[PDB]
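K.L.:
There's a structure below that I have some questions on.
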Amino acid sequence: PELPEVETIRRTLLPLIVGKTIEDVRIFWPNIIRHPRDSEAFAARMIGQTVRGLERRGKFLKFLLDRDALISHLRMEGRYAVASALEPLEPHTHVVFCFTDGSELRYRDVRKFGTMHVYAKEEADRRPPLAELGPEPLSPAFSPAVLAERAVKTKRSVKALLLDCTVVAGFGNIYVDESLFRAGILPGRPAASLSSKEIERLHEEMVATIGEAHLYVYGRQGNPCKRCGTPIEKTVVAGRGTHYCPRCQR
DNA sequence: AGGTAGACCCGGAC
DNA sequence: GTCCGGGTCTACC
Ligand SMILES: [Zn+2]
């Protein structure tokens, strides 16, 4: 899921787990657990803790317990469900938090690609994976000035810049391509080549792309641009498949 | 050290 | 049967 859908998950999941107490943690694929390094320590430490809150930082969910925070990333295909311990698990379930009321929070992922870290709550923001994360794109902390100051000092393309999680939280390949289209800027342009006007327009369209979230360019190669009718093109930029309108973007 | 490459994962596309 | 697609971290120069 993208940032908007993670926010929806955050809002939906919270009432389904708040106030529940962890009785067991069952791990079927240890490598999902990134901290502590031993999945057995990860499981052991969570037992007896009650879920108190659920926050979002970029595409990360931060589960707040009594002492610890669980930081979880679903990437593209991960899913959470709350369901009864009496019922069979869904296929591809890798980690289950069992609660004392006989319900469970389950993480499943056909791609097995997600990650989980647990630290004392007070340490979570200064450790991976949250430590270097840039500002929320819908927050005043993400501004044209912030974007401009990062763009000026780099040799990288504008696409590589917007994909950098330290610049802004939660912009992945789809919203990067779409925002750049909406701003009229080619993804391969050096970040340092953008004028003040272009930086300001790009900020505006990034906020709009995220705020709104239905595609102009992503995956639309060889089909007509919805604004000018020119066929959408696809190339590699910053090591990613990159979609753009060669007329609308400059 | 700024910035790219490696690593993780595997359904489905070639 | 080999490889893309996806995000975000660690490992290099
Ligand atoms: Zn166009």
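Computed from the coordinates by the stated procedures, all read-outs in this text should not be read as laboratory data. For neighbour counting, all protein chains shown are included, and Cβ atoms are generated from backbone atoms with ideal geometry for every residue, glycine included.
K.L.:
Helix-only estimate, please: 222 nm mean residue ellipticity of chain A, summing -39500 (n - 2.57) across DSSP H runs of length 4 or more and dividing by its residues, to the nearest 500. List each step's numbers first, then the result.
P.N.:
Details: 6 runs with 65 residues, N = 250.
Result for chain A: -8000 deg cm²/dmol, rounded to the nearest 500.
K.L.:
May I ask you to compute the full-extension gain from A:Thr12 to A:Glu90, defined as 0.36 nm times their residue separation minus their alpha-carbon distance, rounded to one decimal in nm?
P.N.:
Numbers: separation 78, 0.36 × 78 = 28.08 nm, distance 1.95 nm.
Contour length minus Cα-Cα distance gives 26.1 nm.
K.L.:
Could you tell me the calculated FRET efficiency between A:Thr154 and A:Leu215, based on Cβ-Cβ distance and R0 = 30 angstrom, to the nearest 0.05?
P.N.:
Numbers: r = 28 Å, r/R0 = 0.92.
Calculated value: 0.65.
K.L.:
Sort chain A into rounded, prolate or oblate with this rule: let a ≥ b ≥ c be the square roots of the eigenvalues of the Cα gyration tensor; rounded if a/c is under 1.5, and if a/c is not under 1.5, prolate when a/b is larger than b/c, oblate otherwise.
P.N.:
Details: a/c = 2.58, a/b = 1.97, b/c = 1.31.
Since a/c reaches 1.5 and a/b is larger than b/c, the shape of chain A is classed as prolate.
K.L.:
Under a cut-off of 27 Å between alpha-carbon atoms, report the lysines in cross-link reach of A:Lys62, not counting same-chain residues fewer than 8 places apart.
P.N.:
A:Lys20, A:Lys112, A:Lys121
K.L.:
Of all DSSP beta bridges located in segment A:1-160, what percent are antiparallel, nearest 5? Let's see the in-between values first.
P.N.:
Numbers: 32 of 34 bridges.
Roughly 95 percent of the beta bridges in segment A:1-160 run antiparallel, per DSSP.
K.L.:
Let me ask another. May I ask you to evaluate 6.51 cos²θ - 1.76 cosθ + 1.60, the Karplus curve with θ = phi - 60°, for each residue of segment A:14-28 and list the ³J(HN,Hα) values in order in whole Hz, giving x for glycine and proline?
P.N.:
3, x, 7, 10, 4, x, 7, 10, 6, 9, 8, 9, 10, 10, 9
K.L.:
List the residues whose amide H sits under 5 Å from the amide H of A:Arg56, counting only those 5 or more places along or on another chain, with H placed 1.01 Å from N in the peptide plane.
P.N.:
A:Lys62
K.L.:
Any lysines with Cα under 21 Å of the A:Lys155 Cα? List them, leaving off those in the same chain fewer than 8 positions away.
P.N.:
A:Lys197
K.L.:
Distance in nm between label sites at A:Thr50 and A:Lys234, each 7 Å beyond Cα in the beta-carbon direction?
P.N.:
5.1 nm
K.L.:
Assign one of three labels to segment A:133-250, namely rounded, prolate or oblate, based on the Cα gyration tensor with a ≥ b ≥ c the square roots of its eigenvalues; rounded applies when a/c is under 1.5, prolate when it is not and a/b is larger than b/c, and oblate otherwise.
P.N.:
Working: a/c = 1.71, a/b = 1.48, b/c = 1.15.
Because a/c hits 1.5 or more and a/b exceeds b/c, segment A:133-250 counts as prolate.
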